[PDB]
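Colleague: I am attaching a structure below and will ask some questions about it afterwards.
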Amino acid sequence: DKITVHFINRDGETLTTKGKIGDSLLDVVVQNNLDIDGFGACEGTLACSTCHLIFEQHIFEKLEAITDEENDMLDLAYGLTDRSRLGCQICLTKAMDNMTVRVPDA
Ligand code: FES
């Protein structure tokens with residue numbers, strides 16, 4: 001029960017990494033050590049916005065609940081639209097199965 005993911009970069013933008021349904025925090029990327037130019041700016045615990053990165057709106061948009069409370073760190077994550085969503089505290093999912101993550105560039 002594993003799930004694949006795609007990581008966007010700058011050179012060829014189109015990384016990737018195999019994950020497991022139920023992964024832990026600050027996982028996946030690091031799990032493989034993907035480029036992830038930044039690798040958990042804060043180191044997690046919420047503080048940065050370069051963790052989850054852009055998330056297929058078909059995954060994020062599928063959430064009718066988000067406010068100053070939910071955001072916490074987001075708020076106006078330079079680049080955030082309707083797909084990205086800071087996590088660094090969420091386990092993998094079937095939705096992310098073959099998802100393309102893109103850093104907002106910070
Ligand atoms: S690494 Fe900084 S909030 Fe996730």
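Chain lettering (A, B, ...) mirrors the order of the structure tokens, residue numbering begins at 1 for each chain separately, and ligand numbering begins at 1 in order of display.
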Counting only C-alpha atoms and all ligand atoms, which protein, DNA or RNA residues come within 8 Å of ligand 1, given as a tab-separated table (two decimals) with N, CA, C and O atoms, in the first residue's frame?
Modeller:
```
chain	number	residue	atom	x	y	z
A	26	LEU	N	6.93	15.41	7.87
A	26	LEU	CA	8.23	15.67	7.26
A	26	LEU	C	8.76	14.37	6.64
A	26	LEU	O	9.94	14.05	6.80
A	39	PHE	N	14.32	21.71	2.13
A	39	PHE	CA	14.13	20.63	3.09
A	39	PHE	C	13.67	21.17	4.44
A	39	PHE	O	14.49	21.56	5.27
A	40	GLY	N	12.36	21.18	4.61
A	40	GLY	CA	11.77	21.67	5.85
A	40	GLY	C	12.49	22.93	6.34
A	40	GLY	O	13.37	22.85	7.21
A	41	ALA	N	12.11	24.06	5.77
A	41	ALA	CA	12.71	25.33	6.14
A	41	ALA	C	11.88	24.76	7.46
A	41	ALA	O	11.50	23.59	7.44
A	42	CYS	N	11.67	25.35	8.31
A	42	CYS	CA	11.54	25.41	9.75
A	42	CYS	C	11.88	23.91	9.19
A	42	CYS	O	11.85	23.78	7.97
A	43	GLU	N	12.11	23.04	9.69
A	43	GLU	CA	12.30	21.72	10.26
A	43	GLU	C	10.97	21.17	10.78
A	43	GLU	O	10.94	20.21	11.55
A	44	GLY	N	9.89	21.81	10.34
A	44	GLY	CA	8.56	21.40	10.75
A	44	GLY	C	8.09	22.18	11.97
A	44	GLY	O	8.68	23.21	12.32
A	45	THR	N	7.05	21.67	12.60
A	45	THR	CA	6.50	22.31	13.79
A	45	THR	C	5.74	23.58	13.40
A	45	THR	O	5.28	24.32	14.27
A	46	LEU	N	5.63	23.79	12.09
A	46	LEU	CA	4.93	24.96	11.58
A	46	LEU	C	5.80	26.20	11.80
A	46	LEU	O	6.20	26.49	12.92
A	47	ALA	N	6.05	26.90	10.70
A	47	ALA	CA	6.86	28.10	10.75
A	47	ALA	C	7.18	28.56	9.33
A	47	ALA	O	7.30	29.76	9.07
A	48	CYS	N	7.32	27.58	8.44
A	48	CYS	CA	7.62	27.87	7.05
A	48	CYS	C	6.42	27.47	6.20
A	48	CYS	O	5.36	27.14	6.74
A	49	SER	N	6.62	27.50	4.89
A	49	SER	CA	5.56	27.14	3.96
A	49	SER	C	6.10	26.21	2.88
A	49	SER	O	5.41	25.91	1.91
A	50	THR	N	7.34	25.79	3.08
A	50	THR	CA	7.99	24.90	2.13
A	50	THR	C	8.03	23.47	2.68
A	50	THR	O	9.10	22.91	2.91
A	51	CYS	N	6.84	22.92	2.88
A	51	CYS	CA	6.72	21.56	3.40
A	51	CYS	C	5.80	20.77	2.47
A	51	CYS	O	6.26	19.86	1.77
A	52	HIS	N	4.53	21.14	2.48
A	52	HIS	CA	3.55	20.47	1.64
A	52	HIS	C	3.67	20.99	0.21
A	52	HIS	O	3.71	20.20	-0.74
A	73	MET	N	-0.09	28.91	9.66
A	73	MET	CA	1.13	29.41	9.05
A	73	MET	C	0.85	30.01	7.67
A	73	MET	O	1.41	31.03	7.30
A	86	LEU	N	-0.09	23.83	3.60
A	86	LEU	CA	0.96	23.44	4.53
A	86	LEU	C	0.44	22.32	5.44
A	86	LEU	O	-0.66	22.41	5.96
A	87	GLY	N	1.27	21.30	5.58
A	87	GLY	CA	0.92	20.16	6.42
A	87	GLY	C	2.01	19.87	7.44
A	87	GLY	O	1.92	20.29	8.60
A	88	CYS	N	3.03	19.16	6.99
A	88	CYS	CA	4.14	18.80	7.86
A	88	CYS	C	3.58	18.15	9.12
A	88	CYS	O	4.24	18.13	10.16
A	89	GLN	N	2.37	17.63	8.99
A	89	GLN	CA	1.71	16.98	10.11
A	89	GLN	C	0.51	16.16	9.62
A	89	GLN	O	-0.45	15.96	10.35
```
Colleague: Excluding residue 4 in chain A and its own-chain neighbours fewer than 3 positions away, which residues fall within 9 Å of it when counting only C-alpha atoms? Please give them as a list in words.
Modeller: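 The filter keeps residues 16, 17, 18, 19, 20, 96, 97, 98 and 99 of chain A.
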Colleague: Write a file of the just-selected residues containing N, CA and C atoms, as a tab-separated table (two decimals), in the first residue's frame.
Modeller:
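Once written, part_28.tsv looks like this:
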```
chain	number	residue	atom	x	y	z
A	16	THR	N	9.97	13.42	-7.90
A	16	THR	CA	9.06	12.36	-7.51
A	16	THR	C	9.61	11.60	-6.30
A	17	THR	N	8.75	10.78	-5.72
A	17	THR	CA	9.13	9.99	-4.56
A	17	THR	C	8.00	9.05	-4.15
A	18	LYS	N	8.38	7.83	-3.81
A	18	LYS	CA	7.41	6.83	-3.41
A	18	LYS	C	7.10	7.00	-1.92
A	19	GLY	N	5.81	7.03	-1.61
A	19	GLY	CA	5.37	7.19	-0.24
A	19	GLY	C	4.50	6.00	0.20
A	20	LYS	N	4.09	6.05	1.46
A	20	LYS	CA	3.26	4.99	2.01
A	20	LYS	C	1.99	5.60	2.61
A	96	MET	N	-3.32	11.90	-2.86
A	96	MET	CA	-1.97	12.32	-3.21
A	96	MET	C	-1.28	11.26	-4.08
A	97	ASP	N	-2.01	10.18	-4.33
A	97	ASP	CA	-1.48	9.10	-5.15
A	97	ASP	C	-1.20	9.61	-6.56
A	98	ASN	N	0.06	9.99	-6.77
A	98	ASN	CA	0.47	10.50	-8.07
A	98	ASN	C	0.17	12.00	-8.14
A	99	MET	N	0.50	12.69	-7.06
A	99	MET	CA	0.27	14.12	-6.99
A	99	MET	C	1.55	14.90	-7.33
```
Colleague: Might you pull out every residue within 12 Å of residue 64 in chain A, with only C-alpha atoms counted and same-chain residues fewer than 5 positions away left off, and present them as a list in words?
Modeller: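 That gives residues 59, 70 and 82 of chain A.
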Colleague: Pick the closest to residue 79 in chain A from A:63, A:95, A:106, A:101: which is it, counting only C-alpha atoms?
Modeller: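 Nearest to residue 79 in chain A: A:106.
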Colleague: Name the residues in contact with residue 22 in chain A at a cut-off of 10 Å, using only C-alpha atoms, excluding same-chain residues fewer than 3 positions from it; report them as a VMD selection string.
Modeller: chain A and resid 1 to 3 19 25 90 to 94
Colleague: Any chance you can output those residues with N, CA, C and O atoms as a PDB file, in the first residue's frame?
Modeller:
```pdb
ATOM      1  N   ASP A   1       0.840  -1.185   0.000  1.00  0.00           N
ATOM      2  CA  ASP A   1       0.000   0.000   0.000  1.00  0.00           C
ATOM      3  C   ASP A   1       0.885   1.248   0.000  1.00  0.00           C
ATOM      4  O   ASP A   1       1.041   1.903   1.029  1.00  0.00           O
ATOM      5  N   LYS A   2       1.443   1.539  -1.167  1.00  0.00           N
ATOM      6  CA  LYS A   2       2.309   2.696  -1.315  1.00  0.00           C
ATOM      7  C   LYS A   2       1.694   3.661  -2.329  1.00  0.00           C
ATOM      8  O   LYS A   2       0.871   3.263  -3.153  1.00  0.00           O
ATOM      9  N   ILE A   3       2.113   4.916  -2.236  1.00  0.00           N
ATOM     10  CA  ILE A   3       1.613   5.941  -3.136  1.00  0.00           C
ATOM     11  C   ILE A   3       2.792   6.744  -3.691  1.00  0.00           C
ATOM     12  O   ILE A   3       3.751   7.024  -2.972  1.00  0.00           O
ATOM     13  N   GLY A  19       5.808   7.028  -1.614  1.00  0.00           N
ATOM     14  CA  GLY A  19       5.367   7.188  -0.240  1.00  0.00           C
ATOM     15  C   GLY A  19       4.505   6.003   0.201  1.00  0.00           C
ATOM     16  O   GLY A  19       4.239   5.097  -0.586  1.00  0.00           O
ATOM     17  N   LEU A  25       5.041  12.762   9.435  1.00  0.00           N
ATOM     18  CA  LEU A  25       5.310  14.162   9.144  1.00  0.00           C
ATOM     19  C   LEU A  25       6.716  14.294   8.557  1.00  0.00           C
ATOM     20  O   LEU A  25       7.552  13.411   8.734  1.00  0.00           O
ATOM     21  N   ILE A  90       0.609  15.714   8.375  1.00  0.00           N
ATOM     22  CA  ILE A  90      -0.456  14.928   7.776  1.00  0.00           C
ATOM     23  C   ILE A  90       0.142  13.670   7.139  1.00  0.00           C
ATOM     24  O   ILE A  90       1.241  13.713   6.588  1.00  0.00           O
ATOM     25  N   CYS A  91      -0.609  12.584   7.234  1.00  0.00           N
ATOM     26  CA  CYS A  91      -0.169  11.317   6.674  1.00  0.00           C
ATOM     27  C   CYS A  91      -0.589  11.270   5.203  1.00  0.00           C
ATOM     28  O   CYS A  91      -1.554  11.924   4.809  1.00  0.00           O
ATOM     29  N   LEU A  92       0.156  10.490   4.433  1.00  0.00           N
ATOM     30  CA  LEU A  92      -0.130  10.349   3.015  1.00  0.00           C
ATOM     31  C   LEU A  92      -1.609  10.014   2.826  1.00  0.00           C
ATOM     32  O   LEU A  92      -2.326   9.787   3.799  1.00  0.00           O
ATOM     33  N   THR A  93      -2.023   9.994   1.567  1.00  0.00           N
ATOM     34  CA  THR A  93      -3.405   9.689   1.239  1.00  0.00           C
ATOM     35  C   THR A  93      -3.501   9.095  -0.167  1.00  0.00           C
ATOM     36  O   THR A  93      -2.518   9.081  -0.907  1.00  0.00           O
ATOM     37  N   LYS A  94      -4.693   8.618  -0.494  1.00  0.00           N
ATOM     38  CA  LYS A  94      -4.928   8.024  -1.798  1.00  0.00           C
ATOM     39  C   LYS A  94      -5.085   9.135  -2.839  1.00  0.00           C
ATOM     40  O   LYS A  94      -4.861   8.912  -4.029  1.00  0.00           O
TER      41      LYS A  94
END
```
Colleague: Could you check which of A:34, A:58, A:85, A:12 is closest to residue 71 in chain A, using only C-alpha atoms?
Modeller: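 Looking only at the distances to residue 71 in chain A, the closest residue turns out to be A:85.
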